[PDB]
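What follows is one chain in structure tokens, specifically the form solved without the partner chain.
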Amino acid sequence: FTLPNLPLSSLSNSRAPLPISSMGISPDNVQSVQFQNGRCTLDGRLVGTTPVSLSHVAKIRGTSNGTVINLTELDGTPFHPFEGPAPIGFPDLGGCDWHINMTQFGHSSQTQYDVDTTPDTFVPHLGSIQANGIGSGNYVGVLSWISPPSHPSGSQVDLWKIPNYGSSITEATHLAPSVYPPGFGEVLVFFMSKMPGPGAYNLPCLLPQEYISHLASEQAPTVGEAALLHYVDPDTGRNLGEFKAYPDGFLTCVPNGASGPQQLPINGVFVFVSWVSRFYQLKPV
């Protein structure tokens, strides 16, 4: 079994096309996460709206009629509600407004599309989102920057959330399931990127995008209960810390105090060591 032999700082976020700047852990008020992008099992199963390629990450495609944008997949093929909470690659950043850069095949210009994901018109699961002034036409959009949510008024930016893909929060939208810290002092490890906008926004994801393409290619025929990893400094070969990767597609470690993986340098490489028990006890970082 392998993970990419590439330093983290050379890789991308899987929730937006941004370089990885650090690893991190969630705030204490966040336990589980339910990201829809950046979801891939260790045997190569893409989950949620996750694409193989970063060229599809945090993008939209659709036709505006001036009132709504009727969404398709990125290549123009139809999207249907049975397929997921939104088309493949659709942004999954909750807790913020989006500003999406819209361009067109065969036309000049770009247009900023401002997206509040809270109103009842934002129903990407049913293939429809408000146009909010975007004129009639077919567009491809990519997430460019974010800002605080328009509703509730005065809300903070909380990128540990996902948007409401349905007409209400009680509508079933085929979300990929939540990911939980597995217990016994283990914390979920996140890969972070700086996101432009009017604040110091840091976007967490569960796996770098290049890990997703690697795993989806590798299609490991063997996956055990948990993969013991070392985070290694490439030049010296020094083991900087033990981590576990779990079959559902996430990494953990046991921090040695509040001052964790966030302290580790970001130019290391995760290396598979061996398959271990689900309850294998890690050495604190």
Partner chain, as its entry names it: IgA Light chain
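Positions refer to the first chain, counted from 1. Only residues modelled in both forms are compared. In this text, the rigid core denotes the largest set of C-alpha atoms whose superposition between the two forms falls within 1.5 Å.
What comes next is about the form deposited with the partner chain bound, which does not appear here.
Problem - Close approach of residue 119 to the partner chain in the bound PDB entry, 4.5 Å, heavy atom - result: Looking in the bound PDB entry, residue contacts with the partner chain include residue 119, since a heavy atom lies within 4.5 Å.
Problem - Contact label in the bound PDB entry: residue 152 to the partner chain, heavy atom within 4.5 Å - result: Output for residue 152 is yes: heavy atoms within 4.5 Å of the partner chain.
Handout entry: in the bound PDB entry, residue 182 touching the partner chain (heavy atom, 4.5 Å)
Key = Although the partner chain is absent here, residue 182 would stay clear of it in the bound PDB entry, with no heavy atoms inside 4.5 Å.
Exercise for the section: Shifts of 2 Å or more in the Cα, rigid core superposed between this form and the one not shown, apply to only one of 222, 236, 29, 217; name it. Expected result: The only residue crossing the 2 Å threshold is 222.
Practice task
Would you say whether residue 200 is displaced between this form and the one not shown, judging by a C-alpha shift of 2 Å or more on the superposed rigid core?
Solution key: Shift at residue 200: below 2 Å after core fit.
Exercise for the section: Align on the rigid core first; then say whether the Cα of residue 168 has moved by at least 2 Å between this form and the one not shown. Expected result: It does shift by 2 Å or more.
Problem - Cα-Cα trend for residue 77 and residue 170, given that in the bound PDB entry the distance shifts by 3 Å or more - result: The answer is closer, because the C-alphas of residue 77 and residue 170 approach each other in the bound PDB entry by 3 Å or more.
Exercise for the section: Have a look at residue 170 and residue 70: in the bound PDB entry, are their Cα atoms closer together or farther apart than in this form, given the change is 3 Å or more? Expected result: Between the C-alphas of residue 70 and residue 170, the gap narrows in the bound PDB entry (3 Å or more compared with this form).
Practice task
After the core superposition, state the residue ranges of at least 3 consecutive residues in which each CA shifts by 2 Å or more between this form and the one not shown.
Solution key: Once the cores are aligned, runs 168-170, 221-223 are those whose C-alphas move by at least 2 Å.
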